[PDB]
Structures are given as structure tokens and as C-alpha cells.
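Enquirer: Okay, handing you the structure first.
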Amino acid sequence: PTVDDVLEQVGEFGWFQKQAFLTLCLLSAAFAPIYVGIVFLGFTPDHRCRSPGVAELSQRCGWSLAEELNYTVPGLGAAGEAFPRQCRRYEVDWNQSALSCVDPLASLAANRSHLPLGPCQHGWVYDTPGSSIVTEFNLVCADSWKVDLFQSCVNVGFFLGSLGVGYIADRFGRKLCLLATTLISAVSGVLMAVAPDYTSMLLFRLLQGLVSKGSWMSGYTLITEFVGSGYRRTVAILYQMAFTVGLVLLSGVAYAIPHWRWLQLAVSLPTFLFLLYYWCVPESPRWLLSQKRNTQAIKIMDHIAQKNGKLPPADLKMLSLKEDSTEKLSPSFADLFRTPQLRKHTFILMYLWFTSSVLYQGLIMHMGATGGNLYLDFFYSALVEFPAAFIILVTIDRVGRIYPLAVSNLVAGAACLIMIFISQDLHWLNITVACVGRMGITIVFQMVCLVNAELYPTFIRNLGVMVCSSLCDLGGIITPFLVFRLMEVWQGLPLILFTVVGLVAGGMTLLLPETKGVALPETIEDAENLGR
Ligand SMILES: *[C@@H]1O[C@H](CO)[C@@H](O[C@@H]2O[C@H](CO)[C@@H](O)[C@H](O)[C@H]2NC(C)=O)[C@H](O)[C@H]1NC(C)=O
Ligand SMILES: CN(C)CCOC(c1ccccc1)c1ccccc1
């Protein structure tokens, strides 16, 4: 009368499982905006120093946007690529000076560089009709570094939340966390749009980043526990796929409304609707059974059978774990580093997460020149993944869950290697090679997440995945400085490091035990002898 058997008797993947999966998918899409970053909320358009006198002259004679930029703004390429043109103003009086539009400023100085440069007061004038956070607070030239501060603070908040948010979810149940965390994320998101100053917005974003990771991973583990053993692959992969679909929808809606405040409010509000949809999904039976609350476990098991429409088995009265467990099974950080096998698995998974994150960031950094439209580039970036999801689904069932991950990691490493050695000059081959590498990285990410979730015991699963994911955020934070520093030593040093890291990760993946068609463990001692 183990949990898996009764779950099989009523139905592994029935009407109930599909219903829960639909709402969990809705939750998954809602996590994309927080993790996308500042791409659609902090895009920096072209900008020049506002000048009161230019407005009067703009209407006197025929003018064009291109023409105005050329012989009204200081020229670029002097003492920097574009530093002068960006945020320097000549300050030559353009008002009460009828010098003809043919020769507005040429006559005065007979030279452009030698003309006087003043402060870039009067705020700024931006190109895009929409408004971004940069445009809101003039974080352009003097405070340009504040954008880096904001993004780095968000990343640090994400790392800390990954390190900490797991324990509350594990100890107090998965439904409770998925409710409180998503509620906090929703109330903060709608609050950010009303943030008056720079500090308040940063604080609200930090809170949202601290909680969203916990929300998403709690949902993931809940659905994975609910689905039967055989169909774990399908549910997990399609959950990640729903996250990608949400990303695509985010790109579309972002193009729809450019204003950042309205975008944030519109993205945040539906999270309250999801919170309304909490009534459906109950607590995971496995967690309740491990916590020794068998009465609620059996009550839930009756409902799923009712919704499935299949008669429940008569043996539920004696439902319990395989062996008589202890009264208390409290999770703790200490328990995560006691069993040598568990310690080895944790180290390997942490290293795999770190390598995946660093290699992904490196690959996106070494890409080609960005396209004219940011939205189209982001849409293609998201679109590349769906074939990756299709490939992952087919191979997991038959090949296993180790060889695909190892080969994908090695493929990403080799893609970086070929990008380095073979001619990297602009060619049609480079874009396809980059897409291949991106596909490999996506496969690595999905496989790592699935295997890590499936490897740990049930009563600590969320905490383990959280800790092993924190290294992903750490690597994402640290890699840019590493790549900038290494470039100084030698021209192509970074790509050699990427290739060696990928090869080592692919080699190390082999030690991890396979998990093809094996019921996920529920006791630490049971997980110790998983390989044997
Ligand atoms: C950009 O601005 C410069 C201003 O110096 C333009 O140079 C002038 O070009 C016109 C013809 O288009 C000539 O009649 C002027 O004599 C040029 N100025 C000087 C000081 O010699 C330049 O053509 C502009 N380029 C574009 C693409 O707009
Ligand atoms: C779905 N594909 C695109 C990425 C899978 O990893 C996701 C990811 C990784 C860990 C936790 C959540 C989501 C990712 C998104 C953006 C940047 C880095 C990682």
C-alpha cells in the first residue's frame, strides 16, 4: 500500500493531474517577467542634451530628424566613440540668433571641436516614443552606473532567495509556500509601478526577486510529486515549455505597451488571478505522508480518485511509507551533507549548475552584433528553444537521463570551441553555430533541473534544488568580470576556459546515477543506495 502503487491504481496521469498541470503552467508563465531581467524595463535608447534654443529654430525652416542630429549636436568619435555626442552640449545661444538654417553654427567658430562645451543640463531628449526606467530618472550619463547597480542588486537578491527560500517551503509544506510567495510577488509587482523614487523601486524589485524563485520551484516540485513515476518526464518538460511560452507572450505584450509602469502593472495584476486559482491544487500527498499526517493524505487520495472517476482501492486505510518511519522527519541543512553519496551528488549538481550558468552567459556574450529591433531578437531567442524541448522529450524515455545531459554539455563546449578556433568573422555559418550552442545549453539546463529534482529525497527535495541552483545565480553574477579580466591576459583566453569547463562538466556528469523509470526516493537512507 505504498503511495506509488495507490497512485497507479487510481491513475498516474488522469483528469486530476491534467487539471493541476494546467494551473501550474499558468503559474510558470508568470515567473518569466521577474527572471527576464531589465531587458524590457531598462532598455537605453539614443539620447542627446536638450537645448531650449533648438526648439525655436526647429520650426522656422524645414527640418529632418537625421539632419538635426548631425549639425545641431557635437560630432562623435572624438575623445571616445560617442561620449561627446551622447551627453555634451555646446551651449551656444541658438535663440535670438538668425544665422540661417544653411549656416546655423558654422560661422561662429569655423571648427566644431574647438567650440565650447558646457554642462548637459535641461535633462535629456530620448528617441523612442515609449518610456523606460532609464528615461524616467535620467540614468544616462553621470548616473549611468546605476543601471549596473540595479541589475546586480536584483541578481544578488535572487541568489540570496535561492539560498534561503527553500527551507520555509520544505518545512511548512509546498502549497503554503506557493501561496505566500506568489502573493508577496504579486503585491510587490503592482507596488513597484507606483514607486515614486529610485530607491523604492529598487527595494520592491529586490523583494520580488527574493520571492519569485521560491514560488516557481515550489510549483515545479508540487506538480512533479503529483504526477506518477512514468510521466515525470512529460510533466516537467512541458512545465518548462509553458515557462518559455510565457516568455514569448511577454515579448509580445512588451512590444504592445512600451511604458514601463503600465507594463509592470499589467504583468503583475494577473498574479492575483492566479492566487484566486489556488483553490484547485491541494498539498502533495508524498509530503503529507512523510510528515505523518496520514489522515489528510488519505482524504486527498480519495478526492483524486473521485475526480479521476476510477474507484479508489480498498487498501487506502493502511496507507503509509514502506517502512515504519520516525515520528519526526524535519528537514535541515545539516542532513544535506551527512551521507557521502548525497554529498557527492550535491557537489556534482552544484558544479553542473555553475558550469551551465557561466557557459550560457559566456555564449550570449560572444554573440554577434545585436539586431535593429530588440523585440525581434528576443522573440527569436525564445523561439530557438522549442525544438530543444521536442528533442529532450523524445530521448529521455529511452536513452536515459545521463547520456543526453553529458552529450549536450560537451556539444555546448564544442560549439564554443569552434566559435573560437574557426573563423569567427561575420558569416551565415556563425549564426547557425550560435543557435546550435544555444540549443545545447537549453538542453543542459532542462536536464539538470529535472535530474536534480528527481535525485533528492522527498522531504528535502526543494531545499536541495534551491541550494544547487544558487550557484547558477552566483556564476551569472561573477562571469562578466571574469571575462573582462581574462581578455587582458590574452586575446582568446576566455573561450579556452569555456571549452575546458564544458569538457570537465560533461565528464563529471557521468558519475551521477541514472534515474530512468525509478520511483523517486522518500528516505535519505533509501537515496543513499540508489545506485546499488
Ligand atoms: C553633416 O553635417 C555636416 C556639417 O558640417 C555636413 O557638411 C556640409 O555638407 C553640405 C552638403 O550636404 C555642404 O554644403 C557644407 O559645406 C558642409 N559643411 C561644411 C562645414 O563644409 C554634412 O554634409 C552632413 N552630412 C549628412 C549626411 O547630413
Ligand atoms: C528555458 N531556457 C531558455 C532557460 C532555462 O533556464 C532558465 C532558468 C534557470 C533556473 C531557474 C529558472 C529559470 C534561465 C532563464 C534565463 C536566464 C538563465 C536561465
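By order of appearance in the C-alpha cells: chains A, B, ..., then residues from 1 within every chain, and ligands from 1 in the order shown.
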With a distance cut-off of 8 Å and only C-alpha atoms, select the neighbouring residues of region 273-276 of chain A, excluding the residue or stretch itself and same-chain residues fewer than 2 positions from it, and output the selection as a list in words.

Expert: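 Everything that qualifies: residues 23, 26, 27, 179, 182, 183, 269, 270, 271, 278 and 279 of chain A.
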
Enquirer: Could you write out that same residue set with N, CA and C atoms as a short mmCIF file (atom, residue, chain, number, x, y, z; two decimals), in the first residue's frame?

Expert:
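What follows is the written file selection-v7.cif:
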data_model
loop_
_atom_site.label_atom_id
_atom_site.label_comp_id
_atom_site.auth_asym_id
_atom_site.auth_seq_id
_atom_site.Cartn_x
_atom_site.Cartn_y
_atom_site.Cartn_z
N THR A 23 -3.05 24.68 -14.35
CA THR A 23 -2.87 25.84 -13.48
C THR A 23 -1.40 26.04 -13.12
N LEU A 26 0.07 27.86 -15.86
CA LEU A 26 -0.24 29.29 -15.76
C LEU A 26 0.72 29.97 -14.78
N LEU A 27 1.01 29.31 -13.66
CA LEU A 27 1.98 29.88 -12.72
C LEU A 27 3.35 30.02 -13.37
N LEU A 179 1.63 29.74 -2.07
CA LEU A 179 0.62 30.77 -1.86
C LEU A 179 1.23 32.06 -1.32
N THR A 182 3.84 33.62 -3.99
CA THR A 182 3.21 34.27 -5.13
C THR A 182 2.41 35.49 -4.69
N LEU A 183 1.81 35.44 -3.50
CA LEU A 183 1.08 36.61 -3.00
C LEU A 183 2.03 37.78 -2.79
N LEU A 269 -0.69 42.27 -12.23
CA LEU A 269 -2.05 42.06 -11.75
C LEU A 269 -2.56 40.63 -11.94
N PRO A 270 -2.33 39.97 -13.08
CA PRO A 270 -2.85 38.60 -13.24
C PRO A 270 -2.33 37.61 -12.21
N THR A 271 -1.23 37.92 -11.52
CA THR A 271 -0.78 37.03 -10.46
C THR A 271 -1.82 36.94 -9.35
N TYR A 278 -5.82 29.35 -6.51
CA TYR A 278 -5.16 28.42 -5.61
C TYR A 278 -6.08 27.31 -5.13
N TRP A 279 -7.39 27.53 -5.18
CA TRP A 279 -8.32 26.60 -4.54
C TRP A 279 -8.20 25.19 -5.11
#

Enquirer: Can you pull out every residue with an atom within 8 Å of ligand 1? Use only C-alpha atoms and all ligand atoms and format it as an NGL selection string.

Expert: :A and (66-67 or 70-71 or 106 or 110)

Enquirer: Mind listing the alpha helix (DSSP H) residues of region 289-436 of chain A, per DSSP on the backbone, as a ChimeraX atom specification?

Expert: /A:289-290,294-308,340-365,374-383,385-399,403-421,428-436

Enquirer: Mind checking which residues fall within 12 Å of residue 418 (chain A), counting only C-alpha atoms, ignoring those fewer than 5 positions away in the same chain, and posting them as number ranges by chain?

Expert: A: 411-413, 423-424, 429-430, 432-434, 436-437, 495-496, 498-499

Enquirer: Using only C-alpha atoms, which protein or nucleic acid residues come within 8 Å of region 94-96 of chain A? Drop anything in the same chain fewer than 5 positions from it, and give the result as a list in words.

Expert: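 Near region 94-96 of chain A, the qualifying residues are residues 52, 53, 54, 56 and 57 of chain A.
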
Enquirer: Report as CSV: every residue of region 322-393 of chain A with an atom at most 12 Å from region 281-299 of chain A, its closest pair of atoms, and their distance in Å to one decimal, counting only C-alpha atoms, with rows sorted by chain and ascending residue number.

Expert:
residue,atom,partner,partner_atom,distance
A:322,CA,A:290,CA,10.7
A:323,CA,A:290,CA,11.2
A:324,CA,A:292,CA,10.5
A:325,CA,A:290,CA,8.3
A:326,CA,A:292,CA,8.9
A:327,CA,A:292,CA,7.1
A:328,CA,A:291,CA,7.0
A:329,CA,A:291,CA,6.4
A:330,CA,A:291,CA,7.9
A:331,CA,A:291,CA,10.2

Enquirer: Have a look at A:401, A:261, A:233, A:213 and name the one nearest to ligand 2; count only C-alpha atoms and all ligand atoms.

Expert: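 Of A:401, A:261, A:233, A:213, the one nearest ligand 2, counting only C-alpha atoms and all ligand atoms, is A:213.
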
Enquirer: Enter the distance from CA of residue 12 (chain A) to CA of residue 465 (chain A), in Å, rounded to one decimal.

Expert: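 Between CA of residue 12 (chain A) and CA of residue 465 (chain A) the gap is 24.1 Å.
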
Enquirer: With distances taken over only C-alpha atoms and all ligand atoms, which residue among A:268, A:152, A:470, A:131 lies nearest ligand 2?

Expert: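 For ligand 2, the nearest of the candidates is A:470.
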
Enquirer: Rank A:376, A:237, A:415, A:87 by their smallest atom-to-atom distance to residue 451 (chain A), using only C-alpha atoms, and report the top residue only.

Expert: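 Of all the options, A:237 lies closest to residue 451 (chain A).
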
Enquirer: Nearest to residue 168 (chain A) among A:264, A:332, A:107, A:221, with distances taken over only C-alpha atoms: which residue is it?

Expert: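 Once distances to residue 168 (chain A) are computed over only C-alpha atoms, the minimum belongs to A:332.
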
Enquirer: Could you tell me how far CA of residue 373 (chain A) lies from CA of residue 137 (chain A), in Å and to one decimal?

Expert: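 Going from CA of residue 373 (chain A) over to CA of residue 137 (chain A), I get 23.7 Å.
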
Enquirer: Between A:155, A:244, A:51, A:341, single out the one closest to ligand 2, counting only C-alpha atoms and all ligand atoms.

Expert: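 Between A:155, A:244, A:51, A:341, the residue approaching ligand 2 most closely is A:244.
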
Enquirer: Which residues are close to residue 215 (chain A), i.e. within 6 Å by only C-alpha atoms, leaving aside same-chain residues fewer than 2 positions away? Reply as JSON, numbers by chain.

Expert: {"A": [178, 181, 182, 212, 213, 217, 218]}

Enquirer: Kindly indicate which residue among A:438, A:47, A:89, A:205 lies nearest to residue 153 (chain A), using only C-alpha atoms for the distances.

Expert: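 Of A:438, A:47, A:89, A:205, the one nearest residue 153 (chain A), counting only C-alpha atoms, is A:205.
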
Enquirer: Figure out the distance between CA of residue 349 (chain A) and CA of residue 34 (chain A), please, to one decimal in Å.

Expert: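 These two atoms are separated by 24.3 Å.
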
Enquirer: Residues within 8 Å of region 392-398 of chain A, please, as a ChimeraX atom specification. Count only C-alpha atoms; anything in the same chain fewer than 6 positions from it doesn't count.

Expert: /A:233-234,237,404,443,447,516

Enquirer: Export N, CA and C atoms of the chosen residues as a PDB file, in the first residue's frame?

Expert:
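As a result, part_24.pdb now contains:
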ATOM      1  N   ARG A 233       8.833  12.839 -16.782  1.00  0.00           N
ATOM      2  CA  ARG A 233       9.451  13.486 -17.933  1.00  0.00           C
ATOM      3  C   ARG A 233       8.490  14.465 -18.594  1.00  0.00           C
ATOM      4  N   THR A 234       7.315  13.973 -18.983  1.00  0.00           N
ATOM      5  CA  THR A 234       6.375  14.808 -19.720  1.00  0.00           C
ATOM      6  C   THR A 234       5.997  16.040 -18.915  1.00  0.00           C
ATOM      7  N   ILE A 237       9.046  18.588 -18.414  1.00  0.00           N
ATOM      8  CA  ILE A 237       9.484  19.244 -19.639  1.00  0.00           C
ATOM      9  C   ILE A 237       8.407  20.196 -20.143  1.00  0.00           C
ATOM     10  N   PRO A 404      22.201  11.907 -22.380  1.00  0.00           N
ATOM     11  CA  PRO A 404      21.794  13.142 -23.065  1.00  0.00           C
ATOM     12  C   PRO A 404      22.377  14.388 -22.429  1.00  0.00           C
ATOM     13  N   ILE A 443      19.144  22.424 -23.515  1.00  0.00           N
ATOM     14  CA  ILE A 443      19.007  21.020 -23.141  1.00  0.00           C
ATOM     15  C   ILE A 443      19.711  20.760 -21.818  1.00  0.00           C
ATOM     16  N   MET A 447      17.700  19.371 -18.523  1.00  0.00           N
ATOM     17  CA  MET A 447      18.079  18.067 -17.989  1.00  0.00           C
ATOM     18  C   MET A 447      18.612  18.186 -16.569  1.00  0.00           C
ATOM     19  N   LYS A 516      16.319   6.461 -14.832  1.00  0.00           N
ATOM     20  CA  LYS A 516      15.335   6.066 -15.834  1.00  0.00           C
ATOM     21  C   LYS A 516      14.310   5.138 -15.193  1.00  0.00           C
TER      22      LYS A 516
END
